[PDB]
Every structure is written in C-alpha cells, then in structure tokens.
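In our numbering, each residue carries its 1-based index in the sequence shown increased by 132. For each residue, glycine too, the CB sits at the ideal point set by N, CA and C. A short write-up of the structure that comes next.
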Amino acid sequence: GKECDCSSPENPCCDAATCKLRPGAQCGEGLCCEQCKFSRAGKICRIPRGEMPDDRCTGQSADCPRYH
C-alpha cells in the first residue's frame, strides 16, 4: 500500500519509522530496482529452467511479478 514500500528495517533507502522511502528513491528494494530507482522495461527479473518464458520487468515495476 502506501504505508510501507520497504520491509528492510536497515535499508538506507527506506525509513523504518514509516517503512517507506526516505530519500527521493522510487523504491527501497525490489527485483527490478536499480539504486532504489525503478529499473527500465526489458529487465529480466526471473529465469525459467526447463521450458518457461523469462520475466522482464516493465521498467516502471520495481518488484517482479509472474508470467506463466
């Protein structure tokens, strides 16, 4: 939601008292977060093993969702 965009209580990119981002970072953590910022689409966040499609972040997505 908008009360805790970070679960790391020791991350310097998110304030614990608020559990959110303290600086101007767009994310405190995530599979597609480059420097606490929203990576760009075309970002592989998960790799399939056997016969599955790859997981490319849409860039505006910090964490990585699912595909199959």
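_From the DSSP secondary-structure annotation, give me the bridge partner or partners of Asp147._
Position 15 of the sequence shown holds residue 147. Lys152, per the DSSP bridge assignment.
*By DSSP, does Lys134 sit in helix, in strand, or in coil?*
The residue given as residue 134 occupies position 2 in the sequence shown. Coil, per DSSP.
_I want to know whether the region 161–174 touches the region 184–193 - three or more CB-CB distances under 8 angstroms._
As far as the Cβ criterion goes, the region 161–174 touches the region 184–193, which means the pair count is three or higher.
*Those runs of the beta strand (DSSP E) which lie wholly inside the region 153–193 and span at least 3 residues*: Those beta strand (DSSP E) runs which fall completely within the region 153–193 and span 3+ residues are 173–178, 187–190.
*Do you know whose CA, among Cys136, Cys168, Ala157, lies nearest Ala148's CA?*
Position 16 of the sequence shown holds residue 148. Measuring from the Cα of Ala148, the nearest candidate turns out to be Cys136.
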